[PDB]
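K.L.:
One structure follows; several queries about it will come next.
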Amino acid sequence: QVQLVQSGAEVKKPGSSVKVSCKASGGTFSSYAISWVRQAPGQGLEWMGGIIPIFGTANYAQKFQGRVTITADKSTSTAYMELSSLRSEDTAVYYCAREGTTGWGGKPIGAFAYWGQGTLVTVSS
Amino acid sequence: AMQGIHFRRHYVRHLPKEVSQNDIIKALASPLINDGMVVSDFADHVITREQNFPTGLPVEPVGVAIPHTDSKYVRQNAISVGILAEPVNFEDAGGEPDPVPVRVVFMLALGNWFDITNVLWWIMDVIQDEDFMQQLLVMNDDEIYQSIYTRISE
Amino acid sequence: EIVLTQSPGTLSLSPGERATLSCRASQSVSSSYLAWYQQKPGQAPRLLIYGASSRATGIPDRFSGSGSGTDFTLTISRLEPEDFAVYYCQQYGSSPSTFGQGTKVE
């Protein structure tokens with residue numbers, strides 16, 4: 001099994017930034033891609049970005065290109081995501097996800113087999 | 001299975017003892033630019049990435065390097081192998097302050113970010129093979145191509 | 001860039017019946033970069049299918065993915081009350097990865 005324990009929910013004001021963590025355990029940390037997916041209330045999923053910790057190769061979607069920063073601490077097996085310039089639109093449940101592997105316990109598949117519990121970020125003032 | 005990746009005959013090459021890290025990257029990237037697999041200034045972005053994010057892996061017996069850049073600068077998926085006569089020192093990818101004496105370089109050019117870990121998994125499987133890596137030090141360009149092409153098609 | 005348009009938007013079947021969910025792509029996506037997810041209310045998405053046809057570990061045989069290029073389909077053959085959830089299709093053949101709007105099966 002692979003577990004992804006995210007940080008608790010937060011309530012930020014418009015303009016401020018937020019940094020959500022994703023503690024990974026159970027499998028290898030560096031050799032697999034960790035992604036961040038967002039879901040607003042009754043809206044559906046959108047891929048914010050991701051990172052492969054071994055070489056720090058972070059990738060971003062054009063929409064969040066600039067205001068989103070994804071990093072991975074190899075010494076604590078934790079992935080992060082910092083969204084800056086927060087607005088009402090950014091109010092959503094933020095998931096960290098990791099790609100699965102072929103077979104039991106394997107080559108990486110790409111699709112997100114493991115997901116965190118989610119972090120509810122609310123933007124209001 | 002690392003599928004959908006190109007590998008031609010001119011992608012394997014040997015480098016002399018006088019070459020440095022930046023010379024090896026420029027040499028291994030030259031066939032990729034000519035075939036139109038990456039952008040014209042692909043080698044430049046690989047050097048800048050290596051300085052900030054090292055790719056040297058101190059695997060025994062033969063040290064390995066996996067130099068690359070963002071998928072933004074890759075047009076088509078490809079890999080080029082580079083063998084060294086004398087060991088050149090790459091920085092540790094793990095972040096350790098000890099140097100990695102690399103003799104075999106696997107330059108990766110991947111257009112899809114989601115296919116990166118498939119390649120890495122495939123490289124990690126090959127470099128663990130002690131008998132195979134020892135053969136790469138002795139094998140010539142023609143012999144290396146046939147060995148890698150067979151391993152790649154699985 | 002690549003938009004995924006799923007259909008139907010909402011569906012309501014009885015237990016035992018077949019459910020054919022579709023996922024059309026704006027451009028030609030390679031079969032090896034298509035995945036289906038199941039998301040029940042209050043839970044994270046559970047991976048059902050990856051690489052168009054390949055089925056994830058622990059997922060039963062009744063789920064079966066099929067398609068290539070633009071048209072992709074998820075077939076839920078023998079519906080169970082536990083299968084009542086929203087189903088998303090995803091492409092990860094290039095950056096940025098994009099999901100569909102979702103199909104609610106009742």
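Convention: chains lettered A, B, ... in structure tokens order; per-chain residue numbering from 1; ligands numbered from 1 as shown.
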DSSP on the backbone: which residues in region 12-150 of chain B end up as helix (DSSP H, G or I)? Give the answer as a VMD selection string.
P.N.:
chain B and resid 21 to 35 42 to 52 71 to 73 113 to 128 130 to 138 141 to 150
K.L.:
Name the residues in contact with residue 11 (chain C) at a cut-off of 8 Å, using only C-alpha atoms, excluding same-chain residues fewer than 4 positions from it; report them as a list in words.
P.N.:
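Within the cut-off, the hits are residues 103, 104, 105 and 106 of chain C.
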K.L.:
Could you write out the selected residues, including N, CA and C atoms, as an mmCIF file, in the first residue's frame?
P.N.:
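Okay, result.cif is ready:
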data_model
loop_
_atom_site.group_PDB
_atom_site.id
_atom_site.type_symbol
_atom_site.label_atom_id
_atom_site.label_comp_id
_atom_site.auth_asym_id
_atom_site.auth_seq_id
_atom_site.Cartn_x
_atom_site.Cartn_y
_atom_site.Cartn_z
ATOM 1 N N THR C 103 -19.478 11.890 -15.483
ATOM 2 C CA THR C 103 -20.744 11.211 -15.749
ATOM 3 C C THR C 103 -21.278 10.591 -14.459
ATOM 4 N N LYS C 104 -22.432 11.073 -14.002
ATOM 5 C CA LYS C 104 -23.056 10.570 -12.777
ATOM 6 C C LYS C 104 -23.949 9.368 -13.076
ATOM 7 N N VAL C 105 -23.557 8.200 -12.569
ATOM 8 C CA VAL C 105 -24.335 6.971 -12.731
ATOM 9 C C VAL C 105 -25.179 6.728 -11.481
ATOM 10 N N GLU C 106 -26.495 6.628 -11.669
ATOM 11 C CA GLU C 106 -27.433 6.383 -10.574
ATOM 12 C C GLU C 106 -28.139 5.045 -10.771
#
K.L.:
Using only C-alpha atoms, can you tell me which of C:92, C:36, C:63, C:72 comes closest to residue 114 (chain B)?
P.N.:
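Nearest to residue 114 (chain B): C:92.
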K.L.:
Within chain B, find each residue whose DSSP state, derived from the backbone, is strand (DSSP E), and express the selection as JSON, numbers by chain.
P.N.:
{"B": [12, 13, 14, 15, 56, 57, 63, 64, 65, 78, 79, 80, 81, 82, 83, 84, 85, 86, 87, 88, 89, 90, 100, 101, 102, 103, 104, 105, 106, 107, 108, 109]}
K.L.:
Pull C-alpha atoms from the residues just selected and write them as an mmCIF file, in the first residue's frame.
P.N.:
data_model
loop_
_atom_site.group_PDB
_atom_site.id
_atom_site.type_symbol
_atom_site.label_atom_id
_atom_site.label_comp_id
_atom_site.auth_asym_id
_atom_site.auth_seq_id
_atom_site.Cartn_x
_atom_site.Cartn_y
_atom_site.Cartn_z
ATOM 1 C CA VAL B 12 25.620 5.884 -29.668
ATOM 2 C CA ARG B 13 29.118 7.397 -29.454
ATOM 3 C CA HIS B 14 32.474 7.295 -27.636
ATOM 4 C CA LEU B 15 34.169 10.396 -26.194
ATOM 5 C CA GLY B 56 24.874 11.786 -11.483
ATOM 6 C CA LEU B 57 24.161 8.380 -9.942
ATOM 7 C CA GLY B 63 28.914 5.398 -12.525
ATOM 8 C CA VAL B 64 25.961 6.729 -14.523
ATOM 9 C CA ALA B 65 24.550 10.131 -15.546
ATOM 10 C CA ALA B 78 14.587 9.919 -27.901
ATOM 11 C CA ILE B 79 17.677 8.690 -26.024
ATOM 12 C CA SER B 80 21.399 8.988 -26.847
ATOM 13 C CA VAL B 81 24.145 6.986 -25.118
ATOM 14 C CA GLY B 82 27.656 8.314 -24.432
ATOM 15 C CA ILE B 83 30.658 6.252 -23.302
ATOM 16 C CA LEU B 84 33.797 7.756 -21.730
ATOM 17 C CA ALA B 85 37.376 6.431 -21.774
ATOM 18 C CA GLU B 86 38.328 8.077 -18.471
ATOM 19 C CA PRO B 87 35.783 8.825 -15.704
ATOM 20 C CA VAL B 88 34.309 12.352 -15.612
ATOM 21 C CA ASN B 89 32.910 13.672 -12.316
ATOM 22 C CA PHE B 90 29.186 14.496 -12.214
ATOM 23 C CA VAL B 100 30.024 10.565 -8.969
ATOM 24 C CA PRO B 101 32.689 9.331 -11.427
ATOM 25 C CA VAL B 102 30.548 8.682 -14.519
ATOM 26 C CA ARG B 103 31.694 6.481 -17.419
ATOM 27 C CA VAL B 104 28.301 6.007 -19.152
ATOM 28 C CA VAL B 105 25.844 8.835 -19.922
ATOM 29 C CA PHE B 106 22.169 8.278 -20.825
ATOM 30 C CA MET B 107 20.930 11.580 -22.278
ATOM 31 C CA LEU B 108 17.121 11.541 -22.127
ATOM 32 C CA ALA B 109 14.886 13.701 -24.319
#
K.L.:
Considering only C-alpha atoms, state which residue in the set B:125, B:96, B:143, B:115 is at the smallest distance from residue 74 (chain A).
P.N.:
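The closest residue to residue 74 (chain A) is B:96.
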K.L.:
May I have the residues within 10 Å of region 21-24 of chain A as a PyMOL selection string, using only C-alpha atoms and disregarding those fewer than 4 positions away in the same chain?
P.N.:
chain A and resi 2-8+28-29+34+36+70-73+76-82+95-98+115-119
K.L.:
Output N, CA, C and O atoms of each residue in that selection to a file, as a compact mmCIF listing (two decimals), in the first residue's frame.
P.N.:
# COMPACT_ATOMS: atom_id res chain seq x y z
N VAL A 2 0.25 2.37 -0.43
CA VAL A 2 0.89 3.69 -0.37
C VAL A 2 -0.09 4.70 0.22
O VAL A 2 -1.22 4.82 -0.24
N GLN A 3 0.38 5.42 1.24
CA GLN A 3 -0.45 6.39 1.96
C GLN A 3 0.05 7.80 1.69
O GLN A 3 1.26 8.04 1.65
N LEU A 4 -0.89 8.73 1.52
CA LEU A 4 -0.57 10.14 1.31
C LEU A 4 -1.35 11.00 2.31
O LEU A 4 -2.52 11.32 2.09
N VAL A 5 -0.70 11.37 3.41
CA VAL A 5 -1.33 12.17 4.46
C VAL A 5 -1.10 13.66 4.22
O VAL A 5 0.02 14.15 4.39
N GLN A 6 -2.15 14.37 3.83
CA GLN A 6 -2.08 15.81 3.59
C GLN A 6 -2.29 16.61 4.88
O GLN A 6 -2.73 16.06 5.89
N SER A 7 -1.98 17.90 4.82
CA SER A 7 -2.16 18.80 5.96
C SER A 7 -3.63 19.19 6.11
O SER A 7 -4.46 18.91 5.24
N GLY A 8 -3.95 19.84 7.23
CA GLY A 8 -5.32 20.21 7.55
C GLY A 8 -5.88 21.34 6.71
O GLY A 8 -5.15 21.99 5.96
N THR A 28 8.53 3.73 -2.68
CA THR A 28 9.65 4.61 -3.01
C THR A 28 9.13 6.02 -3.31
O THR A 28 8.07 6.17 -3.92
N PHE A 29 9.88 7.03 -2.88
CA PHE A 29 9.44 8.42 -2.98
C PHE A 29 9.96 9.10 -4.24
O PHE A 29 9.19 9.73 -4.97
N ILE A 34 4.56 12.69 -8.47
CA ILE A 34 3.52 13.15 -7.56
C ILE A 34 2.81 14.33 -8.21
O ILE A 34 3.45 15.31 -8.60
N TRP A 36 -0.68 17.17 -8.29
CA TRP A 36 -1.65 17.92 -7.49
C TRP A 36 -2.90 18.20 -8.31
O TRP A 36 -2.83 18.88 -9.34
N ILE A 70 5.33 23.93 -6.94
CA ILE A 70 5.33 22.56 -6.41
C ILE A 70 6.77 22.11 -6.16
O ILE A 70 7.61 22.18 -7.05
N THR A 71 7.04 21.66 -4.93
CA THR A 71 8.36 21.16 -4.55
C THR A 71 8.24 19.82 -3.82
O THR A 71 7.15 19.41 -3.44
N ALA A 72 9.38 19.16 -3.63
CA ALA A 72 9.43 17.86 -2.97
C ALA A 72 10.69 17.72 -2.12
O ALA A 72 11.80 17.78 -2.65
N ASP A 73 10.50 17.53 -0.82
CA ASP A 73 11.62 17.34 0.11
C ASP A 73 11.94 15.85 0.21
O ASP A 73 11.16 15.08 0.78
N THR A 76 12.46 14.19 3.84
CA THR A 76 11.28 13.91 4.66
C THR A 76 10.16 13.21 3.88
O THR A 76 9.08 12.98 4.43
N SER A 77 10.42 12.86 2.62
CA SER A 77 9.42 12.24 1.74
C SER A 77 8.09 12.99 1.76
O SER A 77 7.02 12.39 1.94
N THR A 78 8.17 14.30 1.56
CA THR A 78 7.00 15.17 1.57
C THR A 78 6.98 16.04 0.32
O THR A 78 8.00 16.62 -0.06
N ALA A 79 5.81 16.11 -0.32
CA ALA A 79 5.60 16.99 -1.47
C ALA A 79 4.78 18.20 -1.03
O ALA A 79 3.93 18.08 -0.14
N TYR A 80 5.04 19.35 -1.64
CA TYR A 80 4.35 20.59 -1.30
C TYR A 80 3.71 21.24 -2.52
O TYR A 80 4.02 20.89 -3.66
N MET A 81 2.80 22.17 -2.27
CA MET A 81 2.17 22.97 -3.32
C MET A 81 1.76 24.31 -2.73
O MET A 81 0.93 24.36 -1.82
N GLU A 82 2.34 25.39 -3.25
CA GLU A 82 2.05 26.73 -2.77
C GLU A 82 1.35 27.55 -3.85
O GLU A 82 1.95 27.91 -4.86
N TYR A 95 -6.13 17.91 -3.79
CA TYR A 95 -5.63 16.55 -3.63
C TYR A 95 -4.19 16.45 -4.12
O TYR A 95 -3.83 17.04 -5.13
N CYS A 96 -3.38 15.69 -3.38
CA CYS A 96 -2.10 15.22 -3.90
C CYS A 96 -2.29 13.78 -4.34
O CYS A 96 -3.02 13.02 -3.70
N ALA A 97 -1.67 13.41 -5.46
CA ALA A 97 -1.82 12.07 -6.02
C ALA A 97 -0.49 11.52 -6.48
O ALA A 97 0.41 12.28 -6.85
N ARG A 98 -0.36 10.20 -6.45
CA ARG A 98 0.84 9.51 -6.94
C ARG A 98 0.45 8.46 -7.96
O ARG A 98 -0.57 7.78 -7.82
N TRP A 115 -4.38 8.48 -3.77
CA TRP A 115 -4.83 9.85 -3.52
C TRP A 115 -4.80 10.15 -2.03
O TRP A 115 -4.99 9.26 -1.20
N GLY A 116 -4.57 11.42 -1.69
CA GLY A 116 -4.63 11.86 -0.30
C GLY A 116 -6.06 12.09 0.14
O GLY A 116 -6.99 12.00 -0.67
N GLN A 117 -6.25 12.39 1.42
CA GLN A 117 -7.59 12.64 1.96
C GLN A 117 -8.16 13.96 1.45
O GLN A 117 -9.38 14.12 1.37
N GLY A 118 -7.28 14.90 1.10
CA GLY A 118 -7.69 16.19 0.55
C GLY A 118 -7.56 17.31 1.56
O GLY A 118 -7.70 17.09 2.77
N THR A 119 -7.29 18.52 1.07
CA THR A 119 -7.18 19.71 1.91
C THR A 119 -8.15 20.77 1.42
O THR A 119 -8.01 21.30 0.32
K.L.:
Taking only C-alpha atoms into account, find every residue of chain B that has an atom no more than 10 Å from chain C, and write it out as a PyMOL selection string.
P.N.:
chain B and resi 3-4+71-72+111-115
K.L.:
Please check the contacts: residues of chain A at most 6 Å away from chain C, using only C-alpha atoms, listed as a ChimeraX atom specification.
P.N.:
/A:47,61,111,113
